[PDB]
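# Remarks on the overall topology
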Amino acid sequence: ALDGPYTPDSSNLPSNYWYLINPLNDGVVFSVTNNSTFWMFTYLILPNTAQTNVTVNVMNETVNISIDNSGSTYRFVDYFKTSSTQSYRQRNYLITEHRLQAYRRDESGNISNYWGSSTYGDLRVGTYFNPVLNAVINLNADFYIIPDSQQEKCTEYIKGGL
Ligand SMILES: CC(=O)N[C@H]1[C@H](O[C@H]2[C@@H](O)[C@@H](CO)O[C@@H](O[C@H]3[C@H](O)[C@@H](O)[C@H](O)O[C@@H]3CO)[C@@H]2O)O[C@H](CO)[C@@H](O)[C@@H]1O[C@@H]1O[C@H](CO)[C@H](O)[C@H](O)[C@H]1O
């Protein structure tokens with residue numbers, strides 16, 4: 001149906017596709033930096049994860065972050081900073097039954113992904129207005145590719161699983 005799966009890869013990805021990651025493992029599943037004003041990664045957290053300080057190696061830095069997930073399903077949590085020496089801070093999250101999240105970089109270089117919760121009723125695509133034109137995107141997960149004209153198909157997978 002879908003093009004894929006492909007093994008984990010880093011590349012300066014094009015803008016006319018959604019990248020549907022299907023991470024086998026928790027932890028860092030996605031990252032991108034422009035090396036100057038924006039660093040972003042997504043951490044997949046298991047259900048019933050009490051608040052924990054964890055050390056992670058991401059985009060060539062060893063950093064410490066807080067993670068938590070008191071829910072009964074998976075939680076993909078976005079972390080960002082806007083300068084080299086800042087600490088990472090949490091942004092949006094996706095609550096989901098499935099090991100699936102999806103990313104797209106728009107033509108202005110902004111990262112979009114899925115936020116919210118299908119079960120709660122506020123699942124949405126949200127865009128972080130922090131351009132990273134030509135930045136290498138690290139997909140730390142097996143993934144599939146979906147043409148940008150087919151966002152509804154991507155949403156279907158995010159909601160329902162593969
Ligand atoms: C107020 C509300 O709707 N709370 C929801 C909660 O919704 C948040 C999530 O969608 C997260 C995902 O990242 O985004 C939050 O909105 C962000 C927005 O995306 C940012 O751009 C903006 O800068 O900040 C806002 C605020 O941080 C949403 O607010 O999602 C949870 C989990 O599904 C819901 O349970 C929660 O609903 C509330 O649940 C409460 C008890 O658990 C109460 O029932 C309350 O009445 C519900 O509204």
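Residues numbered from 1 in each chain as written, not as in the entry; some residues may be left out. Heavy atoms only, no water.

Structure determination for this PDB entry was carried out by X-ray crystallography, with a resolution of 1.500 Å recorded in the header.

The name recorded for the protein chain in the PDB entry is Outer capsid protein VP4, from Human rotavirus A. The title given to this PDB entry is "Structural basis of glycan recognition in neonate-specific rotaviruses".

Around the ligand sit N92, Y93, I95, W115, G116, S117, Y120, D122 and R124, and those are all the residues in its vicinity. Note that an oxygen atom of the ligand is positioned 2.6 Å from one of the side-chain N or O atoms of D122. Taken by itself the ligand offers 860 Å² of open surface, and the protein chains cover 36% of this. Elements that contribute at least two residues to the shell around the ligand include exactly β9 (89-96) and β11 (111-117). (Near = heavy atom within 4 Å. Polar contact = N/O pair within 3.5 Å; in protein donor to acceptor, adjacent residues only side chain to side chain. Areas by Shrake-Rupley, 256 points an atom, 1.4 Å probe, with all protein chains shown as cover. Helix = DSSP H or I, 4+ residues; strand = E, 2+ residues; numbered from the N terminus.)

What follows concerns the pairing of strand β8 (residues 74-81). Burial analysis of β8 places seven of its eight residues in the buried class, the great majority of the element. In the sheet, strand β5 (residues 39-45) pairs with β8 via seven bridges, with the strands oriented antiparallel. Residue pairing in the sheet places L44 in a bridge with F76 of β8. Two strands pair when backbone bridges link them, and β8 and β9 are joined in this way by six bridges, in the antiparallel orientation. Paired with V77 across the strands is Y93, a residue of β9. (Buried < 20%, exposed > 50% of the residue type's maximum accessible area, 1.4 Å probe, protein only. Pairing = 2+ DSSP bridges.)

Turning to the nonpolar core, a few remarks are in order. Grouped together as the largest cluster of nonpolar side chains are 34 residues, with contacts concentrated most on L20 and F30. Ignoring sequence-local partners within four residues, the contact set of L20 consists of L2, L100, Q101, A102, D142, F143, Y144, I146, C154, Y157, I158 and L162. One finds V28, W39, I67 and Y79 within the second-largest nonpolar core, a separate group that totals 15 residues. (Core = buried A, V, L, I, M, F, W, Y, C linked by side-chain atoms within 4.5 Å. Contact = heavy atoms within 4.5 Å.)

Residue position: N130 is located in the loop between β12 (124-128) and β13 (137-139). Residue class for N130 comes out buried when judged on its relative accessible area of 18%.

Let us look at empty space enclosed by the protein. Using the criterion set out here, one finds one cavity of 30 Å³ or more in the structure. Its volume calculated, the largest cavity comes out at about 50 Å³. Around the largest cavity, the lining residues are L13, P14, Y19, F30, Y103, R104, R105, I111, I137 and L139. Counting only elements with at least two residues in the lining of the largest cavity, the list comes to β10 (101-105) and β13. A per-element tally of the lining of the largest cavity places β10 first, with three residues. (1 Å grid on protein atoms, 1.4 Å probe; cavity = no way out; pocket = protein on both sides within 12 Å on 5 of 7 lines; lining within 4 Å. Points joined across faces, edges and corners; volume = space filled by probe spheres on them.)

When you line up the elements, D78 lands in strand β8. Among buried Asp, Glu, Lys and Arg side chains, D78 stands out as unpaired, with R91 the closest opposite charge at 7.6 Å. Of the polar contacts made by the side chain of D78, one reaches the side chain of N113; its length is 2.9 Å. In this structure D78 touches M40, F41, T42, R89, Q90, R91, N92, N113, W115 and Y128, once residues within four positions along its chain are discounted. (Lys, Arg positive; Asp, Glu negative; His and termini not counted. Salt bridge = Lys/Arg side-chain N within 4 Å of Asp/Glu carboxyl O.)

Right, let's get into the environment of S108. Tracing the backbone shows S108 in the loop between β10 and β11. Spatially, the C-alpha atoms of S108 and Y128 are 11 Å apart, while their sequence positions differ by 20 residues. Ignoring anything within four residues of it in the chain, the contact list for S108 reads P131 and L133.

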